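In what follows, a single structure is set out as structure tokens and then discussed.
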Amino acid sequence: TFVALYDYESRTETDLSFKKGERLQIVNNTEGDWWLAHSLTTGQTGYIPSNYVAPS
Amino acid sequence: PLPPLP
């Protein structure tokens, strides 16, 4: 259960763009500065930049 | 390279 500090604009066809305050079900946070988050609103998957999200 | 934070 993380929160996108800011709306992230997907940079490639592997990450999902989120908004500020949007909840993101983190998945794998060991690949590096990019973790796989799953949006529950639509139900899609997409990596995400950790600098735009925060552990609440 | 993460993006530029707001």
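By order in the structure tokens, chains are A, B, ...; within a chain, residues start at 1; ligands start at 1, following the order shown.
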
(request) With a distance cut-off of 12 Å and only C-alpha atoms, select the neighbouring residues of residue B:1, excluding the residue or stretch itself and same-chain residues fewer than 2 positions from it, and output the selection as a list in words. (result) residues 11, 32, 33, 34, 48, 49, 50 and 51 of chain A; 3, 4 and 5 of chain B

Write the residues of the preceding selection, restricted to N, CA and C atoms, as an mmCIF file, in the first residue's frame.
```cif
data_model
loop_
_atom_site.group_PDB
_atom_site.id
_atom_site.type_symbol
_atom_site.label_atom_id
_atom_site.label_comp_id
_atom_site.auth_asym_id
_atom_site.auth_seq_id
_atom_site.Cartn_x
_atom_site.Cartn_y
_atom_site.Cartn_z
ATOM 1 N N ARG A 11 7.303 6.289 -18.659
ATOM 2 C CA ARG A 11 8.441 6.678 -19.538
ATOM 3 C C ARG A 11 8.621 5.614 -20.622
ATOM 4 N N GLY A 32 15.604 -2.325 -7.924
ATOM 5 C CA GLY A 32 16.466 -1.112 -7.852
ATOM 6 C C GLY A 32 15.613 0.100 -7.477
ATOM 7 N N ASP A 33 15.673 1.144 -8.258
ATOM 8 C CA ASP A 33 14.864 2.356 -7.947
ATOM 9 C C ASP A 33 13.497 2.247 -8.625
ATOM 10 N N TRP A 34 13.216 1.134 -9.246
ATOM 11 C CA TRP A 34 11.900 0.971 -9.924
ATOM 12 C C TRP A 34 11.210 -0.290 -9.402
ATOM 13 N N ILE A 48 7.155 1.459 -11.468
ATOM 14 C CA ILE A 48 6.957 2.853 -10.978
ATOM 15 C C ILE A 48 8.253 3.357 -10.341
ATOM 16 N N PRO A 49 8.509 4.630 -10.500
ATOM 17 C CA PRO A 49 9.705 5.267 -9.929
ATOM 18 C C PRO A 49 9.507 5.469 -8.422
ATOM 19 N N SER A 50 10.448 5.033 -7.630
ATOM 20 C CA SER A 50 10.306 5.162 -6.152
ATOM 21 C C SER A 50 10.393 6.628 -5.715
ATOM 22 N N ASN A 51 10.995 7.477 -6.501
ATOM 23 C CA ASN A 51 11.103 8.901 -6.095
ATOM 24 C C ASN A 51 9.740 9.585 -6.228
ATOM 25 N N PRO B 3 12.781 10.322 -12.888
ATOM 26 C CA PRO B 3 12.445 11.643 -13.441
ATOM 27 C C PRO B 3 12.724 12.737 -12.406
ATOM 28 N N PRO B 4 12.595 13.964 -12.832
ATOM 29 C CA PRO B 4 12.824 15.132 -11.964
ATOM 30 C C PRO B 4 11.644 15.312 -11.009
ATOM 31 N N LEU B 5 11.869 15.149 -9.733
ATOM 32 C CA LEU B 5 10.750 15.298 -8.763
ATOM 33 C C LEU B 5 10.152 16.703 -8.867
#
```

(message) Which residues are close to residue A:40, i.e. within 12 Å by only C-alpha atoms, leaving aside same-chain residues fewer than 5 positions away? Reply as a PyMOL selection string.
(response) chain A and resi 1-2+18+22-26+45-46

(message) With distances taken over only C-alpha atoms, which residue among A:53, A:16, A:27, A:3 lies nearest chain B?
(response)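 Distance minimum relative to chain B lands on A:53.
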
(request) Would you mind listing what lies within 7 Å of residue A:8 as number ranges by chain, with only C-alpha atoms counted and same-chain residues fewer than 6 positions away left out? (result) A: 17-19, 52

Write out, as a PDB file, in the first residue's frame, the residues just selected, with N, CA, C and O atoms.
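Final output, saved to out16.pdb:
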```
ATOM      1  N   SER A  17       1.529   5.023 -15.498  1.00  0.00           N
ATOM      2  CA  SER A  17       1.521   6.414 -14.966  1.00  0.00           C
ATOM      3  C   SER A  17       0.500   6.519 -13.836  1.00  0.00           C
ATOM      4  O   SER A  17      -0.621   6.063 -13.957  1.00  0.00           O
ATOM      5  N   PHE A  18       0.866   7.123 -12.739  1.00  0.00           N
ATOM      6  CA  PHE A  18      -0.105   7.256 -11.621  1.00  0.00           C
ATOM      7  C   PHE A  18      -0.334   8.735 -11.309  1.00  0.00           C
ATOM      8  O   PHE A  18       0.239   9.605 -11.933  1.00  0.00           O
ATOM      9  N   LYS A  19      -1.179   9.028 -10.355  1.00  0.00           N
ATOM     10  CA  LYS A  19      -1.457  10.451 -10.008  1.00  0.00           C
ATOM     11  C   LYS A  19      -1.034  10.723  -8.563  1.00  0.00           C
ATOM     12  O   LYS A  19      -0.665   9.824  -7.834  1.00  0.00           O
ATOM     13  N   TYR A  52       8.822   8.978  -6.932  1.00  0.00           N
ATOM     14  CA  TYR A  52       7.478   9.602  -7.089  1.00  0.00           C
ATOM     15  C   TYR A  52       6.480   8.909  -6.158  1.00  0.00           C
ATOM     16  O   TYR A  52       5.323   9.278  -6.094  1.00  0.00           O
TER      17      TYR A  52
END
```
